[PDB]
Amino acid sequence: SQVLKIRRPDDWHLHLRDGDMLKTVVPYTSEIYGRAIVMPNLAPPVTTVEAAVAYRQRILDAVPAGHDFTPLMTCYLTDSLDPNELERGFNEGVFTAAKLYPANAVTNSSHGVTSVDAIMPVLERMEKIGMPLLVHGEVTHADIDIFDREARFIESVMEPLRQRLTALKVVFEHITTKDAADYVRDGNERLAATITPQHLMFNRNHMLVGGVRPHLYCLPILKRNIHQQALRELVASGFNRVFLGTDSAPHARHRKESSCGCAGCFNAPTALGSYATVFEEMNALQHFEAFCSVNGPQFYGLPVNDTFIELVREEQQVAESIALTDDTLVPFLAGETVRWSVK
């Protein structure tokens, strides 16, 4: 059976949650990835240096003995965040980046951003100091169709922001459209993107035809096939400012399979082999290592890992579920036979 050896990868977009759930999910990441960008959308969010320090330690506490894993912390951008607090966290190595979630005029100032214009002092500071901005690029106005929200963000927010702050480094997280693929392809060295395995492997038909499948329900929402194909083409092209970001985003089974299912795929356990499957199908395995292990480091100005891992092209069954203290997690591709697994 065929082997693919790559420099140890990193995950440039990860949700690890907290408490018991954190304890359950960390190992799926730490066994494989050297570093991950740990997102700050805890309840309450990580908006201070002290919280990020404490959260980093809880994550390290949960890493199994012998895994060489380093969490890269982020600050949740809010209206009330002091730019001095963000700067101090960056300067002390606590915050690797800051994350901007969709604006909403009714958000509490302690929990989010009302408008992008309103946090310009903090954004100017990030530009000044060279701190990268990670963007969940959707506009969430009630009158905008959910499938249009990413495209609308490019026009309304992304392009004006980058024109306003010409030195700002930005990762367009988990892109899902041809709109975003083209935009990123056509950008400068200060614009990059991450892509999840689900947005490469599936489109909205997989989530809605024959049944509604809440384990494929995630934001930004799966788009039509033309968008899926654009994403696949982009990673297959060798374009070097797209990189691995799983957006592994675990929710208990009962919170997924409910009257109002939570958004997010728990894909940490199966992401890497899923990406290998996509690059192989695209006859583009020569660009697979760079996607997983080189492009992200280069954009963040961090070293490439100097250890290796091996994927083997031998069929394996994915677990149907993974136990939590209470309830269970259903992994991405649960119960399926997958083509590539880690040796």
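Throughout, we count residues from 1 along the sequence that is shown.
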property	result
Mean C-alpha B-factor comparison - 311-319 and 273-281, higher one	311-319
For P132, the third of its chain into which the C-alpha B factor falls	lowest
For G245, the third of its chain into which the C-alpha B factor falls	middle
Chain-relative CA temperature factor third for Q163	highest
Chain-wide C-alpha B factor ranking for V294, given as lowest, middle or highest third	lowest
Position of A98 among the chain's modelled residues by C-alpha B-factor, lowest, middle or highest third	middle
